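Below is target24.cif, which holds mmCIF, C-alpha atoms; chains and numbers go by the auth columns.
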```cif
data_entry
loop_
_atom_site.group_PDB
_atom_site.id
_atom_site.type_symbol
_atom_site.label_atom_id
_atom_site.label_comp_id
_atom_site.label_asym_id
_atom_site.label_seq_id
_atom_site.Cartn_x
_atom_site.Cartn_y
_atom_site.Cartn_z
_atom_site.B_iso_or_equiv
_atom_site.auth_seq_id
_atom_site.auth_asym_id
ATOM 1 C CA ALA A 1 -30.245 -15.369 6.092 0.00 1 Y
ATOM 2 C CA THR A 2 -28.950 -18.945 6.083 0.00 2 Y
ATOM 3 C CA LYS A 3 -28.685 -21.353 9.015 0.00 3 Y
ATOM 4 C CA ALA A 4 -26.793 -24.647 9.191 0.00 4 Y
ATOM 5 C CA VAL A 5 -26.671 -27.418 11.795 0.00 5 Y
ATOM 6 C CA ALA A 6 -24.589 -30.577 12.172 0.00 6 Y
ATOM 7 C CA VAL A 7 -24.961 -33.321 14.780 0.00 7 Y
ATOM 8 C CA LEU A 8 -21.722 -35.017 15.830 0.00 8 Y
ATOM 9 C CA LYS A 9 -21.247 -38.114 17.986 0.00 9 Y
ATOM 10 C CA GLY A 10 -18.233 -40.244 18.852 0.00 10 Y
ATOM 11 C CA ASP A 11 -19.038 -43.581 20.474 0.00 11 Y
ATOM 12 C CA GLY A 12 -21.180 -42.735 23.486 0.00 12 Y
ATOM 13 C CA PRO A 13 -20.227 -39.810 25.750 0.00 13 Y
ATOM 14 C CA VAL A 14 -18.806 -37.762 22.876 0.00 14 Y
ATOM 15 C CA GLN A 15 -21.639 -35.677 21.434 0.00 15 Y
ATOM 16 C CA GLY A 16 -22.187 -32.166 20.110 0.00 16 Y
ATOM 17 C CA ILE A 17 -24.011 -29.929 17.646 0.00 17 Y
ATOM 18 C CA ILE A 18 -22.205 -27.200 15.710 0.00 18 Y
ATOM 19 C CA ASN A 19 -24.294 -24.321 14.367 0.00 19 Y
ATOM 20 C CA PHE A 20 -23.598 -21.989 11.443 0.00 20 Y
ATOM 21 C CA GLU A 21 -24.943 -18.735 10.004 0.00 21 Y
ATOM 22 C CA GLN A 22 -24.598 -16.536 6.919 0.00 22 Y
ATOM 23 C CA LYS A 23 -25.702 -13.039 5.908 0.00 23 Y
ATOM 24 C CA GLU A 24 -25.151 -13.349 2.157 0.00 24 Y
ATOM 25 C CA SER A 25 -23.395 -15.301 -0.596 0.00 25 Y
ATOM 26 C CA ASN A 26 -20.155 -13.777 0.689 0.00 26 Y
ATOM 27 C CA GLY A 27 -21.242 -13.050 4.249 0.00 27 Y
ATOM 28 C CA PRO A 28 -19.262 -13.850 7.417 0.00 28 Y
ATOM 29 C CA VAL A 29 -19.777 -17.452 8.529 0.00 29 Y
ATOM 30 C CA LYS A 30 -20.283 -17.359 12.297 0.00 30 Y
ATOM 31 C CA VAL A 31 -18.800 -20.465 13.917 0.00 31 Y
ATOM 32 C CA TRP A 32 -20.306 -21.517 17.246 0.00 32 Y
ATOM 33 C CA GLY A 33 -21.541 -24.708 18.881 0.00 33 Y
ATOM 34 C CA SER A 34 -21.836 -26.787 22.044 0.00 34 Y
ATOM 35 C CA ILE A 35 -19.942 -30.057 22.456 0.00 35 Y
ATOM 36 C CA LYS A 36 -19.675 -32.493 25.366 0.00 36 Y
ATOM 37 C CA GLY A 37 -17.998 -35.737 26.388 0.00 37 Y
ATOM 38 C CA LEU A 38 -14.542 -34.534 25.374 0.00 38 Y
ATOM 39 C CA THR A 39 -11.722 -34.129 27.894 0.00 39 Y
ATOM 40 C CA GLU A 40 -10.112 -31.034 29.407 0.00 40 Y
ATOM 41 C CA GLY A 41 -7.876 -29.782 26.612 0.00 41 Y
ATOM 42 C CA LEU A 42 -7.686 -28.744 22.965 0.00 42 Y
ATOM 43 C CA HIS A 43 -9.810 -30.595 20.409 0.00 43 Y
ATOM 44 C CA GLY A 44 -9.491 -29.895 16.696 0.00 44 Y
ATOM 45 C CA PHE A 45 -13.135 -30.140 15.659 0.00 45 Y
ATOM 46 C CA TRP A 46 -13.834 -28.584 12.260 0.00 46 Y
ATOM 47 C CA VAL A 47 -15.038 -29.389 8.742 0.00 47 Y
ATOM 48 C CA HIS A 48 -12.411 -31.470 6.943 0.00 48 Y
ATOM 49 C CA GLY A 49 -11.912 -30.740 3.256 0.00 49 Y
ATOM 50 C CA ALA A 50 -13.652 -27.367 3.372 0.00 50 Y
ATOM 51 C CA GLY A 51 -12.112 -24.006 4.209 0.00 51 Y
ATOM 52 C CA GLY A 52 -13.352 -24.070 7.783 0.00 52 Y
ATOM 53 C CA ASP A 53 -10.199 -25.396 9.430 0.00 53 Y
ATOM 54 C CA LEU A 54 -9.455 -23.503 12.645 0.00 54 Y
ATOM 55 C CA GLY A 55 -7.310 -24.000 15.731 0.00 55 Y
ATOM 56 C CA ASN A 56 -8.860 -26.231 18.384 0.00 56 Y
ATOM 57 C CA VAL A 57 -11.759 -26.414 20.840 0.00 57 Y
ATOM 58 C CA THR A 58 -11.604 -26.187 24.633 0.00 58 Y
ATOM 59 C CA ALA A 59 -13.488 -28.482 27.007 0.00 59 Y
ATOM 60 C CA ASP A 60 -14.622 -28.149 30.622 0.00 60 Y
ATOM 61 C CA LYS A 61 -14.189 -30.285 33.739 0.00 61 Y
ATOM 62 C CA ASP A 62 -17.240 -32.298 32.686 0.00 62 Y
ATOM 63 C CA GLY A 63 -16.164 -32.272 29.050 0.00 63 Y
ATOM 64 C CA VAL A 64 -18.562 -29.426 28.298 0.00 64 Y
ATOM 65 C CA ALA A 65 -16.846 -27.614 25.430 0.00 65 Y
ATOM 66 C CA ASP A 66 -17.919 -24.190 24.171 0.00 66 Y
ATOM 67 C CA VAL A 67 -17.234 -22.919 20.651 0.00 67 Y
ATOM 68 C CA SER A 68 -17.514 -19.255 19.671 0.00 68 Y
ATOM 69 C CA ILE A 69 -15.399 -17.736 16.900 0.00 69 Y
ATOM 70 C CA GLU A 70 -15.783 -15.780 13.661 0.00 70 Y
ATOM 71 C CA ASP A 71 -14.358 -16.877 10.309 0.00 71 Y
ATOM 72 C CA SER A 72 -15.496 -15.922 6.806 0.00 72 Y
ATOM 73 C CA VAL A 73 -14.044 -18.597 4.525 0.00 73 Y
ATOM 74 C CA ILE A 74 -16.301 -21.605 3.964 0.00 74 Y
ATOM 75 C CA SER A 75 -19.155 -19.260 3.057 0.00 75 Y
ATOM 76 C CA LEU A 76 -22.263 -21.444 3.256 0.00 76 Y
ATOM 77 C CA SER A 77 -24.004 -19.412 0.553 0.00 77 Y
ATOM 78 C CA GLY A 78 -23.664 -19.106 -3.212 0.00 78 Y
ATOM 79 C CA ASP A 79 -21.705 -21.370 -5.546 0.00 79 Y
ATOM 80 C CA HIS A 80 -19.042 -22.265 -2.981 0.00 80 Y
ATOM 81 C CA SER A 81 -21.686 -23.216 -0.416 0.00 81 Y
ATOM 82 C CA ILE A 82 -20.029 -25.666 1.974 0.00 82 Y
ATOM 83 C CA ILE A 83 -23.528 -26.831 2.893 0.00 83 Y
ATOM 84 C CA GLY A 84 -23.534 -30.588 2.385 0.00 84 Y
ATOM 85 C CA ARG A 85 -19.982 -31.309 3.513 0.00 85 Y
ATOM 86 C CA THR A 86 -18.718 -33.656 6.228 0.00 86 Y
ATOM 87 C CA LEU A 87 -17.433 -32.689 9.675 0.00 87 Y
ATOM 88 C CA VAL A 88 -14.968 -34.602 11.851 0.00 88 Y
ATOM 89 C CA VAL A 89 -12.554 -34.274 14.771 0.00 89 Y
ATOM 90 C CA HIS A 90 -8.878 -35.114 15.272 0.00 90 Y
ATOM 91 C CA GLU A 91 -7.513 -37.069 18.236 0.00 91 Y
ATOM 92 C CA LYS A 92 -5.298 -34.064 18.971 0.00 92 Y
ATOM 93 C CA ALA A 93 -3.777 -30.982 17.342 0.00 93 Y
ATOM 94 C CA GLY A 94 -0.317 -31.370 15.842 0.00 94 Y
ATOM 95 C CA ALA A 95 -0.760 -35.139 15.774 0.00 95 Y
ATOM 96 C CA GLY A 96 -0.727 -36.052 12.095 0.00 96 Y
ATOM 97 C CA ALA A 97 -1.908 -39.614 12.665 0.00 97 Y
ATOM 98 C CA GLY A 98 -5.242 -40.473 14.253 0.00 98 Y
ATOM 99 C CA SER A 99 -8.585 -41.816 13.058 0.00 99 Y
ATOM 100 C CA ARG A 100 -11.462 -39.347 13.352 0.00 100 Y
ATOM 101 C CA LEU A 101 -13.042 -39.738 16.791 0.00 101 Y
ATOM 102 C CA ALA A 102 -16.387 -38.425 15.545 0.00 102 Y
ATOM 103 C CA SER A 103 -18.188 -37.523 12.318 0.00 103 Y
ATOM 104 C CA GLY A 104 -21.160 -35.494 11.124 0.00 104 Y
ATOM 105 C CA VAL A 105 -22.733 -33.627 8.218 0.00 105 Y
ATOM 106 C CA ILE A 106 -23.468 -29.983 7.418 0.00 106 Y
ATOM 107 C CA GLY A 107 -26.926 -28.929 6.274 0.00 107 Y
ATOM 108 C CA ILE A 108 -29.603 -26.244 6.443 0.00 108 Y
ATOM 109 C CA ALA A 109 -31.102 -25.782 9.908 0.00 109 Y
ATOM 110 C CA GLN A 110 -34.353 -27.642 9.249 0.00 110 Y
#
```
Would you kindly transcribe this structure into structure tokens?
Amino acid sequence: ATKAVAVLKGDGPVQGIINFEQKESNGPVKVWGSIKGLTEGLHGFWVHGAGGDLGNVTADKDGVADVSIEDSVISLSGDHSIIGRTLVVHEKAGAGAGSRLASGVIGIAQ
């Protein structure tokens, strides 16, 4: 199997760590992670450039956001291994204009 981890951080309160997983070169890439600091509402937090663009993420009263969804596209295994890409977040979904609030990097779960 293959595991991937990426540490994201905005300025101070904004912080999270998205985890990945793969069964084979063309296995289903399980998307799930735990973010915090954000505000109650949607938060488009995915890997820009790669094929891992999903809807948005939901936060809690204390910003605690939980991510748990399945999507076999990026495929972090084989020739099209997304492993080594960059992750970011948008100010809001359906915005169009807004500098990335945070930024990270995808890599094997050392």
Report the residues retrieved by the PyMOL selection byres ((chain Y and resi 64) around 9) from the displayed file, expressed as a PyMOL selection string.
chain Y and resi 34-40+58-63+65-66
Written as number ranges by chain, what is the full residue list that the PyMOL selection byres ((chain Y and resi 15-32) around 10) yields on the file shown?
Y: 1-14, 33-38, 45-46, 52, 54, 63-81, 83, 87, 102-109
Atom CA of residue 100 of chain Y and atom CA of residue 51 of chain Y are how many Å apart?
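Between these atoms lies a distance of 17.9 Å.
The spacing separating atom CA of residue 90 of chain Y from atom CA of residue 110 of chain Y amounts to 27.2 Å.
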Please measure the separation of atom CA of residue 84 of chain Y and atom CA of residue 98 of chain Y, giving the value in Å to one decimal.
23.9 Å
Residue by residue, what does the PyMOL selection byres ((chain Y and resi 44) around 10) grab here? Present the result as a PDB file with C-alpha atoms, in the coordinates of the input.
```pdb
ATOM      1  CA  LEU Y  42      -7.686 -28.744  22.965  1.00  0.00           C
ATOM      2  CA  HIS Y  43      -9.810 -30.595  20.409  1.00  0.00           C
ATOM      3  CA  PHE Y  45     -13.135 -30.140  15.659  1.00  0.00           C
ATOM      4  CA  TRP Y  46     -13.834 -28.584  12.260  1.00  0.00           C
ATOM      5  CA  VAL Y  47     -15.038 -29.389   8.742  1.00  0.00           C
ATOM      6  CA  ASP Y  53     -10.199 -25.396   9.430  1.00  0.00           C
ATOM      7  CA  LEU Y  54      -9.455 -23.503  12.645  1.00  0.00           C
ATOM      8  CA  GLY Y  55      -7.310 -24.000  15.731  1.00  0.00           C
ATOM      9  CA  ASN Y  56      -8.860 -26.231  18.384  1.00  0.00           C
ATOM     10  CA  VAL Y  57     -11.759 -26.414  20.840  1.00  0.00           C
ATOM     11  CA  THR Y  58     -11.604 -26.187  24.633  1.00  0.00           C
ATOM     12  CA  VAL Y  88     -14.968 -34.602  11.851  1.00  0.00           C
ATOM     13  CA  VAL Y  89     -12.554 -34.274  14.771  1.00  0.00           C
ATOM     14  CA  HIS Y  90      -8.878 -35.114  15.272  1.00  0.00           C
ATOM     15  CA  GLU Y  91      -7.513 -37.069  18.236  1.00  0.00           C
ATOM     16  CA  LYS Y  92      -5.298 -34.064  18.971  1.00  0.00           C
ATOM     17  CA  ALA Y  93      -3.777 -30.982  17.342  1.00  0.00           C
ATOM     18  CA  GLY Y  94      -0.317 -31.370  15.842  1.00  0.00           C
TER      19      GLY Y  94
END
```
Show me, as AutoDock Vina command-line options, the centre and edge lengths in Å to one decimal of the axis-aligned box that covers every listed atom of segment 67-72 of chain Y with 4 Å on each side.
```
--center_x -15.9 --center_y -19.3 --center_z 13.7 --size_x 11.2 --size_y 15.1 --size_z 21.8
```
